[PDB]
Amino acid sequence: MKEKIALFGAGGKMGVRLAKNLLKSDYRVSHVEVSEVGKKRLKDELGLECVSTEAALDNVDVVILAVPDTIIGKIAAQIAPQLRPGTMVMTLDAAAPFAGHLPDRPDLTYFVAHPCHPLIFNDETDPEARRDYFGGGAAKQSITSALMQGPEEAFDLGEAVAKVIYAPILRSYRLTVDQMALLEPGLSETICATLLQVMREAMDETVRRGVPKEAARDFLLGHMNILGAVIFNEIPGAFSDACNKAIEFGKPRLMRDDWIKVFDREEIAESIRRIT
């Protein structure tokens, strides 16, 4: 038996995934969930019963707040007076921690752990791993963690828990909370999600103009494969002169000249205000 964990939001989207992976470890886990629906999922899918806050917090080592980001501060403030010095409070996302929503408690340990998801270019032999897009099922994924406050020794404990809840694991990285914020919302959402949206809009426009729907989808997804594999150095190669010409003109044609300033601290901080 290892440390005691209290999992709040245990019946939510991340809650049930964590509960499922924690059942396969030696951690002692108490599950806290307010919704009937979530309590039912836990019961039906995992055979787990939920307990009260007081029961969950009794001799707790690690508190995982798998609750929405907009209420991490509120929930942390409710429970913090029950937490002894040296208890770890762990979030699964850097937003609420970055925004300064966690309690003013220098004596607590604050840890964030966010998954990468399985790589788009991967050679999972297991077909079931090839179809695990999210991670935490069969395909390996890298993780990113930050020790925001606490002793250096607590990093190891937080990282161990992270490796269990997100298993199976590829690589495990240590970052700061500021770096985590550059990654998300900055890189994965402001950049990646928006530009995939644009690609889908472009695809839809060629279909509007009469390209068969499935043809446009195959063409885009196949060119994304080869182009992405080269640009991201998954394989050797170099773009043809034609492709470079397209980027040459395509950059100023599509993009605002100041697009990369999304990574400025003021812009990152504002993106986090909007979702907290």
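For every residue, the number given is its place in the sequence shown, counted from 1.
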Averaging C-alpha B-factors over each stretch, which comes out higher, 192-200 or 168-176? 168-176
Segment of higher mean CA temperature factor, 179-187 or 145-153: 145-153
Residue of maximum C-alpha B factor among 250, 222, 236, 228, per deposited coordinates: 236
Comparing recorded Cα B-factors across 84, 101, 117, 131, which one is largest? 131
Split the chain's modelled residues into thirds by Cα B-factor; is residue 126 in the lowest, middle or highest one? highest
Would you mind checking where the Cα B-factor of residue 55 ranks among the modelled residues of its chain, as the lowest, middle or highest third? highest
Tell me, lowest, middle or highest third: where does the Cα B factor of residue 6 rank within its chain? middle
Binned into thirds over the chain's modelled residues, the C-alpha B-factor of residue 138 lands in the highest
Which third of the chain does residue 45 land in by C-alpha B-factor: lowest, middle or highest? highest
